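J.: Quick one: the structure is below, and I'll ask about it shortly.
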Amino acid sequence: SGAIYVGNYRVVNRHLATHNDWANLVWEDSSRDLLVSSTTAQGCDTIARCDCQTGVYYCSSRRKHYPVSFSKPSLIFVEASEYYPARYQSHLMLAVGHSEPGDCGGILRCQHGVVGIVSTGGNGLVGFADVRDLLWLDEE
Ligand SMILES: NC(=O)[C@H]1CCC(=O)N(C[C@H]2CCOc3ccccc32)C1
Ligand SMILES: [Zn+2]
């Protein structure tokens with residue numbers, strides 16, 4: 001589990017969104033595994049606006065933050081899980097790192113801010129949904 005809290009937005013994995021998230025929906029995209037809802041309180045996270053390919057992510061199944069090298073956001077085939085059939089997921093970045101289903105939502109960050117959240121993984125992979133192109137998270 002986990003979310004990004006920027007401005008009056010809450011960014012979560014679409015497959016983990018709550019009823020309250022759907023009842024206060026701003027934007028969702030199944031192909032990216034992302035959903036954004038509105039919040040009453042202002043958050044403290046800031047979004048990275050960069051092309052970094054190195055950063056650090058939080059892994060809840062290890063209680064640890066790991067430094068990783070990751071690929072550029074791309075269209076990658078992801079195996080079937082409890083939440084999606086086997087399909088192509090867009091804006092996904094891959095790295096070598098530990099991962100388990102409960103880990104969706106951990107933040108990946110670089111020197112500029114939050115880059116994305118855990119969304120895919122398995123066999124020593126972990127995949128991150130990018131949020132750096134969502135410029136509207138910084139305003140309104
Ligand atoms: N964005 C998606 O399509 C995800 C939906 C939920 C989901 O469980 N997965 C499987 C991934 C998540 C990361 O970690 C692992 C490690 C082991 C097994 C499976 C997985 C895919
Ligand atoms: Zn950066």
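Letters A, B, ... go to the chains of the structure tokens in the order shown; residues in each chain start at 1; ligands are counted from 1 in the same order.
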May I have all residues of chain A that DSSP, computed from the backbone, assigns to strand (DSSP E), given as an NGL selection string?
T.: :A and (4-13 or 25-29 or 34-44 or 54-59 or 64-69 or 74-78 or 87-96 or 107-110 or 113-122 or 125-130)
J.: Name all residues at most 6 Å from residue A:117 (count only C-alpha atoms; drop same-chain ones fewer than 4 positions away) and give them as number ranges by chain.
T.: A: 105-108, 128-129
J.: Generate the output file for the selected residues, N, CA, C and O atoms, as a PDB file, in the first residue's frame.
T.:
```pdb
ATOM      1  N   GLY A 105       2.523   0.851  -4.227  1.00  0.00           N
ATOM      2  CA  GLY A 105       2.296   2.109  -3.553  1.00  0.00           C
ATOM      3  C   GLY A 105       3.549   2.715  -2.934  1.00  0.00           C
ATOM      4  O   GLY A 105       3.546   3.897  -2.585  1.00  0.00           O
ATOM      5  N   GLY A 106       4.616   1.917  -2.780  1.00  0.00           N
ATOM      6  CA  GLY A 106       5.868   2.472  -2.275  1.00  0.00           C
ATOM      7  C   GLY A 106       6.422   3.535  -3.221  1.00  0.00           C
ATOM      8  O   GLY A 106       6.390   3.343  -4.452  1.00  0.00           O
ATOM      9  N   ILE A 107       6.997   4.617  -2.674  1.00  0.00           N
ATOM     10  CA  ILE A 107       7.499   5.689  -3.540  1.00  0.00           C
ATOM     11  C   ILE A 107       8.888   5.408  -4.093  1.00  0.00           C
ATOM     12  O   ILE A 107       9.785   4.960  -3.346  1.00  0.00           O
ATOM     13  N   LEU A 108       9.079   5.718  -5.397  1.00  0.00           N
ATOM     14  CA  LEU A 108      10.393   5.837  -6.021  1.00  0.00           C
ATOM     15  C   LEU A 108      10.687   7.360  -6.087  1.00  0.00           C
ATOM     16  O   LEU A 108       9.831   8.134  -6.568  1.00  0.00           O
ATOM     17  N   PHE A 128       7.885   0.473 -11.773  1.00  0.00           N
ATOM     18  CA  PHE A 128       7.339   1.747 -11.172  1.00  0.00           C
ATOM     19  C   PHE A 128       6.451   2.508 -12.158  1.00  0.00           C
ATOM     20  O   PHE A 128       6.788   2.578 -13.373  1.00  0.00           O
ATOM     21  N   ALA A 129       5.258   2.907 -11.703  1.00  0.00           N
ATOM     22  CA  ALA A 129       4.426   3.762 -12.579  1.00  0.00           C
ATOM     23  C   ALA A 129       4.892   5.195 -12.514  1.00  0.00           C
ATOM     24  O   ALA A 129       4.898   5.746 -11.472  1.00  0.00           O
TER      25      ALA A 129
END
```
J.: Under the rule of at most 9 Å, produce a per-residue listing of chain A near ligand 2: chain, number, name, the closest pair of atoms, and the distance in Å, as JSON lines, using only C-alpha atoms and all ligand atoms.
T.:
```
{"residue": "A:48", "atom": "CA", "partner": "ligand 2", "partner_atom_place_in_ligand_line": "1 (Zn)", "distance": 5.6}
{"residue": "A:49", "atom": "CA", "partner": "ligand 2", "partner_atom_place_in_ligand_line": "1 (Zn)", "distance": 6.6}
{"residue": "A:50", "atom": "CA", "partner": "ligand 2", "partner_atom_place_in_ligand_line": "1 (Zn)", "distance": 4.7}
{"residue": "A:51", "atom": "CA", "partner": "ligand 2", "partner_atom_place_in_ligand_line": "1 (Zn)", "distance": 6.0}
{"residue": "A:52", "atom": "CA", "partner": "ligand 2", "partner_atom_place_in_ligand_line": "1 (Zn)", "distance": 4.3}
{"residue": "A:53", "atom": "CA", "partner": "ligand 2", "partner_atom_place_in_ligand_line": "1 (Zn)", "distance": 7.7}
{"residue": "A:54", "atom": "CA", "partner": "ligand 2", "partner_atom_place_in_ligand_line": "1 (Zn)", "distance": 7.8}
{"residue": "A:55", "atom": "CA", "partner": "ligand 2", "partner_atom_place_in_ligand_line": "1 (Zn)", "distance": 7.7}
{"residue": "A:109", "atom": "CA", "partner": "ligand 2", "partner_atom_place_in_ligand_line": "1 (Zn)", "distance": 7.5}
{"residue": "A:110", "atom": "CA", "partner": "ligand 2", "partner_atom_place_in_ligand_line": "1 (Zn)", "distance": 4.6}
{"residue": "A:111", "atom": "CA", "partner": "ligand 2", "partner_atom_place_in_ligand_line": "1 (Zn)", "distance": 5.1}
{"residue": "A:112", "atom": "CA", "partner": "ligand 2", "partner_atom_place_in_ligand_line": "1 (Zn)", "distance": 4.3}
{"residue": "A:113", "atom": "CA", "partner": "ligand 2", "partner_atom_place_in_ligand_line": "1 (Zn)", "distance": 6.6}
{"residue": "A:114", "atom": "CA", "partner": "ligand 2", "partner_atom_place_in_ligand_line": "1 (Zn)", "distance": 8.2}
{"residue": "A:115", "atom": "CA", "partner": "ligand 2", "partner_atom_place_in_ligand_line": "1 (Zn)", "distance": 7.3}
```
J.: Please find the residues contacting ligand 1 at a distance of at most 6 Å between atoms, with only C-alpha atoms and all ligand atoms counted, and report them as JSON, numbers by chain.
T.: {"A": [33, 81, 82, 83, 84, 99, 100, 101, 119, 120, 121, 122]}
J.: Could you state the separation of atom CA of residue A:60 and atom CA of residue A:136 in Å, given to one decimal place?
T.: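 Distance between the two atoms: 28.4 Å.
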J.: Identify, with DSSP run on backbone atoms, the residues in chain A assigned to helix (DSSP H, G or I), and express the list as a list in words.
T.: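 Restricting chain A to helix (DSSP H, G or I) produces residues 14, 15, 16, 19, 20, 21, 22, 23, 30, 31, 32, 101, 102, 103, 135, 136, 137 and 138 of chain A.
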J.: Using only C-alpha atoms, which of the listed residues (A:15, A:98, A:87, A:132) sits closest to residue A:72?
T.: A:132
J.: Just the number, please: distance in Å from atom CA of residue A:10 to atom CA of residue A:86, one decimal.
T.: 26.8 Å
J.: Record the distance separating atom CA of residue A:67 and atom CA of residue A:133, expressed in Å with one decimal.
T.: 22.0 Å
J.: Might you pull out every residue within 8 Å of residue A:42, with only C-alpha atoms counted and same-chain residues fewer than 5 positions away left off, and present them as a compact mmCIF listing (two decimals) with N, CA, C and O atoms, in the first residue's frame?
T.:
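Produced file part39.txt, reproduced below:
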```
# COMPACT_ATOMS: atom_id res chain seq x y z
N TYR A 5 1.14 12.27 -1.77
CA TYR A 5 0.25 13.35 -1.34
C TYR A 5 0.89 14.66 -1.80
O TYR A 5 1.82 15.16 -1.13
N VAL A 6 0.42 15.21 -2.93
CA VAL A 6 0.94 16.45 -3.50
C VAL A 6 -0.21 17.43 -3.65
O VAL A 6 -1.27 17.06 -4.16
N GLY A 7 -0.05 18.65 -3.11
CA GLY A 7 -1.15 19.62 -3.18
C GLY A 7 -2.42 19.08 -2.52
O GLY A 7 -2.34 18.43 -1.46
N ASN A 8 -3.56 19.18 -3.22
CA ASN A 8 -4.80 18.56 -2.76
C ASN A 8 -5.12 17.32 -3.57
O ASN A 8 -6.30 17.01 -3.81
N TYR A 9 -4.07 16.54 -3.89
CA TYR A 9 -4.24 15.29 -4.63
C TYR A 9 -3.65 14.12 -3.86
O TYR A 9 -2.61 14.27 -3.16
```
J.: Between A:43, A:62, A:14, A:32, which has the minimum distance to residue A:75 (counting only C-alpha atoms)?
T.: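 Selected residue with least distance to residue A:75: A:32.
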J.: Of the residues A:95, A:68, A:16, A:78, which is the one nearest to residue A:31, using only C-alpha atoms?
T.: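 Checking each of A:95, A:68, A:16, A:78 against residue A:31, counting only C-alpha atoms, the winner is A:78.
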J.: Counting only C-alpha atoms, which of A:36, A:94, A:126, A:59 gets nearest to residue A:76?
T.: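 Of the candidates, the smallest distance to residue A:76 is held by A:94.
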J.: Would you mind telling me which residue in A:118, A:92, A:4, A:134 lies nearest to residue A:74 when using only C-alpha atoms?
T.: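 For residue A:74, the nearest of the given residues is A:92.
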J.: Rank A:37, A:24, A:123, A:46 by their smallest atom-to-atom distance to residue A:12, using only C-alpha atoms, and report the top residue only.
T.: A:37
